[PDB]
Amino acid sequence: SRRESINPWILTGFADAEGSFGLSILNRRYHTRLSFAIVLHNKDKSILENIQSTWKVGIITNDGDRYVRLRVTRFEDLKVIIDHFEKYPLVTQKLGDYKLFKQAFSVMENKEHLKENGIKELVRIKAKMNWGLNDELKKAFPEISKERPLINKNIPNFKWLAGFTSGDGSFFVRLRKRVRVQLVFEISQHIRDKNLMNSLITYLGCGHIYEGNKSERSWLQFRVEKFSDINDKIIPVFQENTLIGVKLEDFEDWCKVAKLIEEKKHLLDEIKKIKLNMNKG
DNA sequence: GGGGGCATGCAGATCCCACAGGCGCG
DNA sequence: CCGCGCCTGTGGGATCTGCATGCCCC
Ligand SMILES: [Ca+2]
Ligand SMILES: [Ca+2]
Ligand SMILES: [Ca+2]
Ligand SMILES: [Ca+2]
């Protein structure tokens, strides 16, 4: 059960990709709940165990027949999470949800949430957090601003990038029809972090940003399709900065196809065998 | 007696992932 | 011609996010 721990910057990078900070204010006088959660497919339960071993907090639960959840609600345990992200701060817009989550923690640590003044402040905090206030709290506390300080941060290091890639990244092989094999690396992200995704082009020395129609599409792609860039830049980066989860296994199969491509790929039966065991198994 | 915290289960919403096709260029 | 890589496009599920209840304890 007790599995390996992970580098704390890799964990923050995975949290930037897959984490969620929650502030629930329900009328059971109001009940206050703070939470951190990650939901993944069972294939990546090892990641949740890795985080649980590194933080030494959190409950791992099956969220159905297909999914697994790591959830932290115990108040003292949320202090462990604050201390981690204070030393290893998030990079995406989720940092703002973390900061509001931390602000809510100080209201509750000072027991102010038991009185009416604390609830009003917690409602103001929740308004700027994630998807904002629900209809009931919008009516019961109409005083309601969703605006919050802007975030525009740079990639802190490659260890963060490995955890981020383990979450939102993708390694795959294309078989285009004469059949040619092409390696592709892609990270997708909501356009709310376009600057950070643009940051990747010079940070990795390769790649392009693709957006489609910016007026009707809320997410973009950072992609590297040039084999020399995959072979000389992306592979050495993630070989030195270990990925986690099945993304690591997909990367290792990905690199097997890369060695074949640098050795005159065209023969192809072994590449098709590796591809069958990638994002299908 | 019960307020408040914790665990728990489930549902809503969407941002991802893992791709494919057309075609200009060296 | 051939192999490549820019560029455009996306289904649908793995995510992110949120709601509700029960039971314990000081
Ligand atoms: Ca993400
Ligand atoms: Ca993310
Ligand atoms: Ca993921
Ligand atoms: Ca993700």
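Protein chains get the first letters and strands the later ones, always in sequence-line order, with residue 1 at the start of each. Both backbone and side-chain heavy atoms feed into the values below; hydrogens, waters and symmetry mates do not.
Using a 4.0 Å heavy-atom cutoff across all strands shown, A/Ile38 reaches no nucleic acid atom at all. Using a 4.0 Å heavy-atom cutoff across all strands shown, A/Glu186 reaches at least one base atom of the nucleic acid. A/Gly169 comes within contact range of the sugar-phosphate backbone alone, with a heavy-atom separation under 4.0 Å but no base atom that close.
A/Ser166 meets the side-chain hydrogen bond (donor to acceptor under 3.5 Å, both in side chains) test with no other residue; sequence neighbours excluded. Taking the salt bridge (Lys or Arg N to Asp or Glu O under 4.0 Å) definition, one finds that A/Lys233 meets it with A/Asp229, sequence neighbours left out. Residues passing the side-chain hydrogen bond (donor to acceptor under 3.5 Å, both in side chains) test with A/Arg223 are A/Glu186, A/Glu225, sequence neighbours excluded. Residues meeting the side chain to side chain contact (heavy atoms under 4.5 Å, CB included) test with A/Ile151, sequence neighbours left out: A/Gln93, A/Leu95, A/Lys153. Applying the side-chain hydrogen bond (donor to acceptor under 3.5 Å, both in side chains) rule to A/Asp168 yields no partners; only residues at least two apart in sequence or on another chain are considered.
When the pucker is read from the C1'-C2'-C3'-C4' torsion, the sugar belonging to C/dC4 turns out south, on the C2'-endo side.
You'll find that the side chain of A/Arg223 is closest to B/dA20, out of B/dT8, B/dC17, B/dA20. The listed nucleotides are C/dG5, B/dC17, B/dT8; the one nearest the side chain of A/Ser188 is B/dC17. Nearest nucleotide to the A/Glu18 side chain, out of B/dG4, B/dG21, B/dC17: B/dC17. Between B/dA7, B/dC16, C/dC16, one nucleotide has an atom nearer to the side chain of A/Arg33 than all others, and that is B/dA7. The A/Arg66 side chain lies nearest to C/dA14 when the options are B/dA11, B/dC17, C/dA14. Out of C/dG9, B/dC6, B/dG21, the shortest distance to the side chain of A/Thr73 is found at B/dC6. Of the listed nucleotides (C/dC6, B/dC16, B/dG5), B/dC16 has the atom at the smallest distance from the side chain of A/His190.
Interface remark: the A/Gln221 side chain does form a donor-acceptor pair with the C/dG9 base, using a distance-only criterion of under 3.5 Å. Looking at A/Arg174, its side chain has no donor and acceptor atom pair within 3.5 Å of the base of C/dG3. Under 3.5 Å, the side chain of A/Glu225 and the base of C/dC4 form no donor-acceptor pair of N or O atoms. Judged by distance alone, with hydrogens and angles left aside, A/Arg74 brings no side-chain donor or acceptor close enough to the base of B/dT8 to form a pair under 3.5 Å. For a distance-only test at 3.5 Å, the side chain of A/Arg69 qualifies as a donor-acceptor partner of the base of C/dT17. Side-chain atoms of A/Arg29 stay outside donor-acceptor range of the base of B/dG4, with no qualifying N/O pair under 3.5 Å. Judged by distance alone with a 3.5 Å cut-off, a donor-acceptor contact links the side chain of A/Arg71 to the base of C/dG18. For A/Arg176 against C/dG5, a side-chain-to-base donor-acceptor contact under 3.5 Å is present.
The CD1-P distance, from A/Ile59 to B/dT8, rounds to 5 Å in whole Å. The CG-P distance, from A/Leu137 to C/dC19, rounds to 8 Å in whole Å. Put simply, CD1 on A/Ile187 is 16 Å from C1' on B/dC19, counting in whole angstrom units. When rounded to the nearest whole Å, the span between CD of A/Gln52 and P of B/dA7 equals 12 Å. The CG atom of A/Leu133 sits 21 Å away from the P atom of B/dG12 (whole-angstrom rounding). For the pair A/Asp77 CG and B/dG5 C1', the computed distance is 12 Å after rounding to whole Å. Rounded to an integer number of Å, the gap from A/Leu70 CG to B/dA7 P is 12 Å. With rounding to whole Å, A/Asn62 atom CG is found 17 Å from B/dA7 atom P.
Of the side-chain N and O atoms in A/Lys94, one or more sit less than 4.0 angstrom from OP1 or OP2 of C/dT17. Regarding contacts with the backbone of C/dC19, a side-chain N or O of A/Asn134 is found under 4.0 angstrom from either OP1 or OP2. The phosphate of C/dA14 (OP1 or OP2) has a side-chain N or O of A/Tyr67 nearer than 4.0 angstrom. Dashed line: the shortest gap from a side-chain N or O of A/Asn130 to OP1 or OP2 of C/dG18 is under 4.0 Å. In terms of phosphate contacts, A/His41 brings no side-chain nitrogen or oxygen within less than 4.0 Å of OP1 or OP2 of B/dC17. For the pair A/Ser218 and B/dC15, the criterion of a side-chain N or O lying under 4.0 Å from OP1 or OP2 is met. Listed pair A/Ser20 / C/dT17 meets the phosphate criterion, a side-chain N or O lying under 4.0 Å from OP1 or OP2. For C/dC4, one of the phosphate oxygens OP1 or OP2 lies less than 4.0 angstrom from a side-chain nitrogen or oxygen of A/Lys265. Contact check, A/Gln189 against B/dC16: a side-chain N or O comes under 4.0 Å of OP1 or OP2. The shortest distance between the side-chain N/O atoms of A/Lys247 and the OP1/OP2 oxygens of B/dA18 is below 4.0 Å.
Taking the centre of each ring, A/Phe141 and A/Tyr30 come in below the 6.0 Å mark. Under the 6.0 Å cut-off for aromatic ring centres, A/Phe85 and A/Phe21 qualify, their centroids lying closer than that. In summary, the aromatic rings of A/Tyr203 and A/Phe158 are positioned with their centroids under 6.0 Å apart. Taking the six-membered ring for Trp and the full ring otherwise, A/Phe75 and A/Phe105 have centroids separated by under 6.0 Å.
Along DNA chain C, the nucleotide closest to A/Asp63 and the one closest to A/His208 are compared, and the more 5′ of them pairs with A/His208.
Between its two ends, the helix from B/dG2-C/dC26 to B/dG26-C/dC2 turns its axis by 40°, counting five pairs per end and rounding to 10 degrees.
Remark: A/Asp232 does not engage A/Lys226 in a salt bridge, criterion side-chain N to carboxylate O under 4.0 Å.
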